[PDB]
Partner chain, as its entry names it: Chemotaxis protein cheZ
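This document starts with one chain, in the form solved without the partner chain, laid out as structure tokens.
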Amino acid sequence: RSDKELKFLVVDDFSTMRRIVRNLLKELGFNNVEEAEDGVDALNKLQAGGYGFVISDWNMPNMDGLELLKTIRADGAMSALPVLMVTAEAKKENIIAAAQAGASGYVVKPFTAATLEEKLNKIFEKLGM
């Protein structure tokens, strides 16, 4: 469901990929998107409050996507923030891994506005937001 006003934290290590996700969210109606690069940087940012969703890249320096997912899932107050794992390559192994660690959903790169929206809708339904 198109809530339009939800704060998204796009945690993407690659500048080009990071911009693409933001542009997509904007196009979908979600005009509240902030950006981070890696797991650590994301945690700090998310800790300030306001954010109601995390969009993280699997292949991230220092603290990767899957590790970042765990840090959110266990960080008391942050434990309820939905996670969309942006995977470089999607295979059964990492898909199951993502779900097991708290990931609300996952989107493989490159993904479009429609692909992103489909995932968003699904996440919202599960959460009952």
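Residue numbers count along the first chain shown, from 1.
Keep in mind that the form deposited with the partner chain bound is not shown, yet the notes after this line are about it.
- Interface residue remark: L28 is not counted as part of the site for the partner chain in the deposited bound form, having no heavy atom within 4.5 Å.
- Although the partner is absent here, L9 lies well away from the partner chain in the deposited bound form, with no heavy atom inside 4.5 Å.
- If you take 58 to 84 and check each residue for a heavy atom within 4.5 Å of the partner chain in the deposited bound form, you get just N59.
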